[PDB]
Amino acid sequence: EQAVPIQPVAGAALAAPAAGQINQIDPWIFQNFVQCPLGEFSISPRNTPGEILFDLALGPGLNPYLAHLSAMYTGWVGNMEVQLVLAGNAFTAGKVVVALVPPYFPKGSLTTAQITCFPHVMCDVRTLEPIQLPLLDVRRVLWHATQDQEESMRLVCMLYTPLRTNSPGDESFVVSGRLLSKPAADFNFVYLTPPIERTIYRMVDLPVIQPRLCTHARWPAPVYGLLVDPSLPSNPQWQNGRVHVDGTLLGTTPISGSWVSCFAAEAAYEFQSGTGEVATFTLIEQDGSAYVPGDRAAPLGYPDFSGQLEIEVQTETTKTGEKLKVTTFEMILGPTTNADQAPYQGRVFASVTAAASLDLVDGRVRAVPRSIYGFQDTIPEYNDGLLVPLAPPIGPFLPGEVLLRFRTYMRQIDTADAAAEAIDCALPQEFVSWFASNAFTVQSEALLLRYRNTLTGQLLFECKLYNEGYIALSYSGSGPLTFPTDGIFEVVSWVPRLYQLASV
Amino acid sequence: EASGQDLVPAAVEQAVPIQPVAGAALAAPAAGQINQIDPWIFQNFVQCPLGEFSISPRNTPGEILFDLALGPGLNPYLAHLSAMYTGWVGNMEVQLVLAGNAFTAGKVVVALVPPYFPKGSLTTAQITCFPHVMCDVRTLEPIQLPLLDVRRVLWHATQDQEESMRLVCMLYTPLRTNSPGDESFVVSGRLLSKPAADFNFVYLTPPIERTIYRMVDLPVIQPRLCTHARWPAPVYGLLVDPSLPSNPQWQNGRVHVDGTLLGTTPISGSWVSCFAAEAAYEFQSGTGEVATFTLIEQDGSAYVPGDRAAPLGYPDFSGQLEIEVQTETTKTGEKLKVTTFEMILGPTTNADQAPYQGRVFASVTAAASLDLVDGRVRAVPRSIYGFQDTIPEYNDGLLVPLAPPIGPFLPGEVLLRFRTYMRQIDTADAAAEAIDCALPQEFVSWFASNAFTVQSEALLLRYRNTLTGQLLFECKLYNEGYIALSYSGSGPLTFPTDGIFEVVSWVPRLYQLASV
Amino acid sequence: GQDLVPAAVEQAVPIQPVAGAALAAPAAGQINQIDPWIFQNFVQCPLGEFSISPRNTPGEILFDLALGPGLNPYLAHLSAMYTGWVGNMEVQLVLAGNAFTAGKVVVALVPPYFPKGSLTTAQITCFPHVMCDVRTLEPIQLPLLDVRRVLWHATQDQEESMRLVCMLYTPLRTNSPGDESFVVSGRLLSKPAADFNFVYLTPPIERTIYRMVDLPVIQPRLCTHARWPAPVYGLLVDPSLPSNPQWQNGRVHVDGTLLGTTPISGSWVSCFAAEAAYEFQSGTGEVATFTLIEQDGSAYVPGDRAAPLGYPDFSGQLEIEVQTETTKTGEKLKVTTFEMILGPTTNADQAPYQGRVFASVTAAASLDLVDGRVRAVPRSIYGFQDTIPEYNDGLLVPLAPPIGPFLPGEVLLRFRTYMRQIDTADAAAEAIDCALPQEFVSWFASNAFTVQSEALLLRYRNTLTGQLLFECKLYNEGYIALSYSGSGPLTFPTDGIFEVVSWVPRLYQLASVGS
């Protein structure tokens, strides 16, 4: 290893008197250096000194084996050994610094002058053998608990002196670095407990379902194709189909796919001498519950597009025979005024152009889509003309990255053109249900995904699913490009925010 | 020593897989004083503050019989001493007594659960994955268990609760009896404890009476000298009656044991069935004298519709209520009088009331153009006609927040009622009108003023006569503020009113009572 | 008989020694020793000033302090290069009393994790303690031990430690005819005890906690008003003016969290930015509808603030100057004057909380203009009223609370400026007051000060002469108090500098100012 200005740290000798048990680990695990999650970097000649290359915390999460083992224990203590591997040759120059930051040091940005005031080592990019460091358990408690995250010693690596090299004309030269680790001889677990499947160290996974068998999250229809189209706007403001990976629902997106583009309301019918009868809807929750306006633009599932649509309602009439029917209505949602539509407050209006009297009763109805006229990809009007709390736009994307969109075709009544009508979404509803039910723990910023064919095995592309709930692709084309709908998405690993993808 | 040993005796099979744990030796260099406990306390096992339980043949495998957290609250001595310290540390010894009849059969499991294990979900699969002990219910000798202080700090704080080792007992195998005669026995289990050698407290602090351990006590008053919580009358009877509805929705007299006041119940017993309002009068050649009342709090503060169905102390039944109101008349010869008004609080009908904007009406039948002035007044009940034990409409067809109905009850369990009789007008019936409550106002004020800390789920009480010092029955008071007891008969049962209720211990819901 | 029991024994505190570095060394990375001469001198604590008055009642807490590096200026300065600390201290108390004064205080050692409610006078003597007369001429000293459950303490976390609490055991009374305004002064000093050190050597960082608050060296005459874009012209106190105003601008905590619609930049006050849409058909006039956004270009979202940052918080009619693009023959862009209404108005829809503003001009022609983004700045005020305007239709919007909760005899210091008013009758200037001027709103939220007490004692002193003009209390909520019992308004010269003395408790009694 190296001489670092620090004292030895006691592990199990400090924890043993108040531990019920001290548990030993498979001795073959002390003989292998394994790659750490989020432990890689690339240095380029364009990078400037002071960039953080990595920042890692001590704990069972650095080692996949120890992470799996910690599901059947109450606590852990002790230190680790770490290796940094750099890939340069003899014609490079530049320097890197790795320092040991103590558990309670404030979070923020460090300069090159401050990084040298920690216990640290400084390494040239021409180094041949791996650089060996200790990671010690500096703490104020006797042992750590496995199922919560505490403060611990950190390992921070920052570019110190810039890389100076030549390059060919075709590819820029980079210096790659990787960090590996293993437990030291003083490492232990504490108390054998019944294993738990839902652990903070649990990798995210996706349902094994091809997108052609999923459901669209904005319109009640099957997914008919996945694609990318740079010509269309890049940062929409869709209020349905938005979910965090940790399982937080954004906007008005519901859990179930039967709530999309629908609402439940108390309906009062009043015949008017002019156009005809008018039905007033007082909105409530779809499952049956009071609707109080708040942080949401509308009750969950409310349509989030602009246009004129028609709805079908279960209606009970009083005539000379015929208790109940199912009639249609007309509803306006666009920026045309003429109705005072305020879905945010919870009042809507509808009507039908009819003669004679059509008196009915108020009977706890539910409304469903029929068709759309003049549909446009723009936010509806949740107030009279006012503003509402709503979800942020989708993005931002790194330069050379573009959104991947799941597309379906909705019903049309326009007489102008007859080509198609396509509405897109960020994720199908099955992914929404999956993320909302599993409640994963997020590690850094984004997950490297992988689309491949079921039985042939051919890789199609690699993409990035951001924590916000949208998938980005590194594309540089100009015309729309579609993909086969018969593959399966698989999760590879967590990646940092600035991670360039392989192109199409 | 004893008669037939067709039983198990000693369950000396422990070999519990656990290392010894250090106690006060780790804490001494970080405490600023030298403290020690009276050595005689380390000498005998005493019953725990929540050390009674029961196993019945109706219990199913997986049911939790007890779970005790390590700390000063397992010992009455240590619980009383903990009021003068900030801090404890150390181990404990527990004795389990379950020595059931030779005709029974069954098994329990006792496990050592470490700190930070999630509470709630604990199944028959997971219990044996812990260091544990298997016990027969016939076992003659007391079973001895260690409770270790597994921790990652140096000592614990007496006030507030931290994570410590738990001792959990599951029913492993159902309890069944082999005897030919018509009945299955019940096993009555006891828990005793004492501190281990290196147990200690840390820093001497002023002894505060209101502390988390303490103990819930009740006032020493006979029920016949108490006041009713639903009608201003003395308590006249103690009754149980299975025929009456078992889950009523009374809004008065409802108090949580920890102290929280529920429903519309007041602290004082003079607010019950009374109300304060701003009165405005008018005269009509039809109905007569019509008074509109805008209700305000009976202490003179204004009333705002919030999380209560009505202002504090409002009547919570249906009927026609004759009330007396003080009125001032400008006509010569009289200045101040008391008048009787009629109040309609029954079912909704074709009536003219608008409580929505806070105007609630009363009527008086007369012909002469009575002259009266508006003001403020407090109205108290005088009589009831057509009484019905049912909640009145508060928002007139719109739901209002209400206290939950009283319940649930274990099978065979029935509510115990404090009964009083009210003045009423009857057209042709000579009987007295009876109204019941769950707890008299004295207990409501006691719990409101004392602010106790609950421990498990319920309290076991014993009712004892003062004339002979002889116990009448045992009952369960739930944390929700109602008392239940085990009765399987048909006709009503009445009890003497000159006894005293005494607190015995903390018990869980599934505790099986002896039948009365 | 046998023994003699003396009647007069000197006071002392019995202890059992508490281990410091011996407990912590095996799990600390380093154990770092401090300069040995720091162990030899008592030095005033940063929170080390308090007062006793005959208006205080027994059982009032005169002070309380937490063990840690923040009790000593040398230790507070050293703690910026370490991550932790362990060990014990000693504290010294000095009181400036008289032969007139009768009273007793008790100083007690309250352990960590004792419940924080309210101790009474009988319970305070059950802790280890010292009893002190207010007539004492010499200092009194006590030990502060590191009773704890952890191995060491993090420096940047306050955590829970041993406390030192002093309360009034017996009432303060003078034989004088009274009642007078005699105040007993008290000061606290400290030093580390033998077992004390730090834990892990880190880069020295100046923006840490235990960094004493300071103030910019700028005279008030060279500052900016925080509610109107004008230089500050007056410094005054007025008991006749209302005592608890509800200003939404100019509010900031000492820790730097902004309240209300306070902006960082000094060019944002009383201005707004919006997209404008202009309409006129035959006789309505050129009516402009503004959809507001944040002044930096960011979209406005209705949230925890009553309006976009920098919005006016005074009622009246505002006349503003706005750049507009015309398309008539000749001329492309000009600057026009517009009228708008801030306060309540029947039949009018003004909800800047929701982002909708309406303005009008009187036009003798069409003078049609294209739509786009504009920035509107104030130009004139008509009917200026100092009150909260109509933020919503009829609803309650999130607002900053009123100033409050001054002690008896305590009034609010005001920074005064003059606006550009258009009226027809009175030529008197109209004045607007602020609690803290700009350059004080900045210098907050750029420094993350940790307060460690309830009020700051300041000293106003001229630079040319050095004489003290007045002393005041700066509350954590971001306003200043003075002890002024007079009736008429009083003003002060505006060429002084505010100087930070120390941290004080809320009950601290200021010396009276003026007559």
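Values below: every heavy atom of this structure, side chains too, minus hydrogens, waters and symmetry copies. Chain identifiers are assigned alphabetically (A, B, ...) following the order of the sequence lines, protein sequences preceding nucleic acid strands; residue numbering begins at 1 within each chain.
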With a 4.5 angstrom heavy-atom cut-off, which part of [X] approaches chain A: side chain, backbone, both or neither?
X      : result
C:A28  : backbone
C:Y353 : neither
C:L23  : neither
C:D349 : neither
C:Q30  : both

Take atom [atom1] of [X] as the centre, draw a 6.0 Å sphere, and report whether it contains more than 12 heavy atoms from other residues, nucleotides or ligands.
X      : atom1 : result
C:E159 : CD    : yes
C:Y74  : OH    : no
C:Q281 : CD    : no
C:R373 : CZ    : no
A:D295 : CG    : no

Which heavy-atom pair separates C:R356 from A:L386 by the least distance, and what is that distance?
NH2-CD1, 3.4 Å
Option that, when pairs with chain C are counted at under 4.5 Å, heavy atom only, ranks first among A:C117, A:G385, A:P389:
A:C117
Does any non-hydrogen side-chain atom of [Y] lie less than 4.5 Å from one of [X]?
X      : Y      : result
A:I6   : C:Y200 : yes
A:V388 : C:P302 : no
C:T155 : A:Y104 : no

Distance check, rounded to the nearest 0.5 Å: A:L387 atom CG versus C:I293 atom CD1?
11.5 Å
Turns out that what part of A:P8 lies under 4.5 Å from chain C's heavy atoms comes down to backbone
Cut-off 4.5 Å, heavy atoms of chain C, and the answer for A:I115 is neither
A:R140 side-chain N/O to C:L151 backbone N/O, donor-acceptor pair under 3.5 Å
no
Heavy-atom pair count under 4.5 Å with chain A, highest-scoring of C:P204, C:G29, C:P26
C:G29
